[PDB]
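Consider the single chain below, provided in structure tokens and representing the form deposited without its partner chain.
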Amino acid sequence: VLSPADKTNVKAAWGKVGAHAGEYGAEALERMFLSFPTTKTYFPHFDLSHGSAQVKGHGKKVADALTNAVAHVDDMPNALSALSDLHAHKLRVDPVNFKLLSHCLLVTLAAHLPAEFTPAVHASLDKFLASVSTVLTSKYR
């Protein structure tokens, strides 16, 4: 449960991401594939090579959805219904994986938003990614 402070923290941090969200999207995936090689089992049809357009494009896709989620921080369940659906009934990614992408995304933001990645912002973002994870895995069963 995101507090008012959290929502603020998140909106601020993401605010700064701006035009780079797509790139950060791509970079987190790349960090994910290398750090947790088991996550590659869900992308057998992609070229997982560095700077692959498939990864880049997918990075964008993920970033936009996070953007949309920040925008509807108050109504996530509703803003991500379609995506919860897709993952629960089509993709069927194992829930453990969500924590791996989340971590890689924090690492990415840390590396790129030094001044903004304060302990309190770090805490907020974590809870945020956890929340998003929960929503995306709520219709699994």
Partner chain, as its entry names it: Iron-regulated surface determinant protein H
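Numbering follows the first chain given and starts at 1. For the two forms, the rigid core is made up of the largest set of C-alpha atoms that agree within 1.5 Å on superposition.
Greater average departure of CA atoms from the shown form, over structures and residues in 6 other deposited structures of this protein after a core fit, characterises 88-96 among 88-96 and 106-114. Just going by the entry, 111-119 versus 84-92 on mean CA temperature factor gives the higher value to 111-119. Judged by mean Cα B factor in the deposited record, 48-56 ranks above the other of 48-56 and 26-34. Annotation for residue 125: CA B-factor lies in the middle third of the chain's modelled residues. In this PDB entry, the Cα temperature factor of residue 78 sits in the top third of its chain's modelled residues, the highest group.
In this PDB entry, the Cα temperature factor of residue 72 sits in the top third of its chain's modelled residues, the highest group. Annotation for residue 134: CA B-factor lies in the lowest third of the chain's modelled residues.
Not pictured, yet referred to below: the form deposited with its partner chain bound.
Its partner chain in the deposited bound form comes within 4.5 Å of no heavy atom belonging to residue 47.
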